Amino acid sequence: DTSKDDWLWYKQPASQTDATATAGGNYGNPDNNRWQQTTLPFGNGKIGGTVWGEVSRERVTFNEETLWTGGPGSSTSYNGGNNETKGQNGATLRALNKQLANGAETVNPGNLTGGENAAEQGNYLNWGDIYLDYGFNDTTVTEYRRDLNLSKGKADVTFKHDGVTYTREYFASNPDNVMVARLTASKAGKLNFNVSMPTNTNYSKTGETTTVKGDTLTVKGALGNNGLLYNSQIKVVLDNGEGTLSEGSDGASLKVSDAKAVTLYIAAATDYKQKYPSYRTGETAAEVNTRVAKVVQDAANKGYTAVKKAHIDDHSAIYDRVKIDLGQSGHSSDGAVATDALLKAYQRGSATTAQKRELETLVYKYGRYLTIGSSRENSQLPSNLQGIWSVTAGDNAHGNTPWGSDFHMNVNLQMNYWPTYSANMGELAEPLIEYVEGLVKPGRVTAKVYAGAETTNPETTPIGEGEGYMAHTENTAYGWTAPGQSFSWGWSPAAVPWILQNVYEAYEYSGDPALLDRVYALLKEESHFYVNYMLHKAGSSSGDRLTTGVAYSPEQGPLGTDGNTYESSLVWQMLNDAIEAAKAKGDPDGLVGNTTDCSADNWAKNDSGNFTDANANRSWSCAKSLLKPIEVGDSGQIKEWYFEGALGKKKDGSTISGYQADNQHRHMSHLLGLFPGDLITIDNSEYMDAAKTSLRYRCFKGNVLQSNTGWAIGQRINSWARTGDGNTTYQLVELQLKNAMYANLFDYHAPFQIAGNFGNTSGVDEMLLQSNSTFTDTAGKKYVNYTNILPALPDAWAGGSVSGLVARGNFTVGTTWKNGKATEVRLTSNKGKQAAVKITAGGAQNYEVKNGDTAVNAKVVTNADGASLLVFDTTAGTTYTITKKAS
């Protein structure tokens, strides 16, 4: 019974599905454009398919997460893009900073660049395709449907051809490390097809072979760019013997005749490893082949029913954690509409309320689905710009694949991991944590070359004990931590502080001690790096403060300013978090310090880069207090640059060079303290009005809401949510759905970029629940990371319910509301932490707490603004119910 499952579903194959939305760069080929707008993704965090659902020549576009060009072996001098001749072991940066300190508003930052060789950078590759050719004379069908069952983690295709009902089922199992295709024909003798696996023609190879052994084909080779070994295998299994399984008449296929029912077991691997400097397992071609062979052998020995059960079990265990009911229709509703038609209706303004709710909740749920498919606990790599799904390939960076489908760390990679915790998929953040840990070794090289932070043995010094690791915007599978070849996107060292927010949240949401140790080690060394090498006393262009020196604000404005709001906001957050992590550990390193004898003069350095006063206070508390990251400009906006006057102008009325004149720059790099950070909050709201002014300019021309890239709308959804304005937040949700989603619900730039799918999920979470702020009651008592129920509920969602969301401190949160106000909150304490609960839609002072059959003593505390929390002790594993006071 699949009647209660969430489906995306279509009444026609990918080839006949609407692909008329903006294609974007790199998708001028019709077939590639069709791919990104209309195919349905599935994956196990490692391998992925995108299903076309073609009646005759069926196609599943195929990926493996580690098929990456570039890195060691791409040249004989691979050093992660670092240009020693430009960086001069920090000397270049030190001299440019002195020019800024001496009053310059900008400098020529041309030698703060690197990463010049595109072959060394490399990119993510589409592996190729699986073709299942049914031979058919005509493609004439009835009762056709293709779907993606998000609830069971599988794709389905069904049609009736010539009296024969055909079925296809595809999934990729994490427990058994295998992709499965189940193919059936209704009447015996009537399942005939050829199975092949061509690799993308557009990457170079060395010694590729397609081979047929038993019921198994193997494509096998090495990448020509870097020697990376790849191997994929399809094992065909006819149902209990019946059918002619023969080698294809071209040596490169397997032919099935006169079945019945078939199960294909599909597996793939490379010899990649996240292991600096070699990035290889050290396997031979023959070893890779044996490995891959086992996975399909074992899958085949388990059999279809067993592997399917284990996959659905594993998938639904994570997928079913969160339920949402806004009064949506679904695939089983009377009058149900296909997903492509629903999208068109929503865009037209012809969709009913129920259909609008169906699209909004489907998109929400798809962001959770896509996380499960691209980013599992045992993935070798986090989700990239496209998750794990791509059709394009070329050897070099900045080539055939847009932005190399890379790890883009000046908003996109961060966005990928915004909903991971709040949407109850905490374990799925593990590959991100490992990736950032993976940046330490190569980033120590960058830190040395560009900022003069030398770790004595960068390969064997534990994380936390080195001098610092530096990385920038464009990153890869191979420690490409160098700044890019052009400064005006390439230089962004605060990328690391930022991604460390995503990493630190793993601890904030769980309270796990093992995670605390890992996040502490990362924060300690990056905080060390900034304090000792990056920060300097600002010159006159940036006022009285420590700044981060030569800066670029992603991705507009002047090149090489004396810090900026982006870097200062992020370093402020990082120090805030480092201090919190140190405190949770007992501050065993004595690094928190204090603000006694605290001055930006404490950062004076001699010619060598050693501090003039070895003993001056440069503690984490001191540095934090000296950043002063937020300044309000003459349009009442948060300034993006410290010399800013009115919006996008200098104090003299001239235009800020490189500022996007219509005010709609996609990035909002100066508002990171509002979201995802904790600098500007509803409780600490000194700069809330300015953040809202800045947001209005970045989203509106007068009273008219502007479109933008899918990810940019996604960040705006989250930012507006943190302000408490549900109505404006919802307008941005509608905008994203109308203007940045293809028929397959992939978010687009254009072209397809997955970050906005993840940002949508996060944004909806922040509407319904926030947990990042600090409450101060009238007596000065602080409640950090209090649970905020319904902080930005739109008037459009008058009633509904949600369960399974996660708040910081490790609480599971369900809430039911009607007439715009909470009727029940269910709070499950997972760690036994003291609860502190705000009910924004209703007022917590009007409610009371129970533990099953008993009343809980909850204290009502309020602040200056007449807002209240319910404050109560809890025990691990207990669910508390909060309901309106009853007589």
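Each residue number is its position in the shown sequence, starting from 1.
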*Between 243-251 and 147-155, name whichever shows the higher mean Cα B factor according to the PDB entry.*
243-251
*For the stretches 778-786 and 206-214, which has the higher mean C-alpha B-factor as given in the deposited record?*
206-214
*Between 109, 90, 511, 303, which one tops the list for C-alpha B-factor in the PDB entry?*
303
*Specify which of 115, 443, 282, 367 carries the largest Cα B factor in the deposited PDB entry.*
282
*Compare the C-alpha B factor of residue 732 with those of the other modelled residues in its chain, then answer lowest, middle or highest third.*
lowest
*CA B-factor ranking of residue 315, expressed as a third of its chain*: middle
*What third of its chain, lowest, middle or highest, does the C-alpha temperature factor of residue 543 fall into?*
middle
*Relative to the other modelled residues of the same chain, rank the CA B-factor of residue 668 and answer lowest, middle or highest third.*
lowest
*Ranked by Cα temperature factor within the chain, is residue 700 in the lowest third, the middle third or the highest third?*
middle
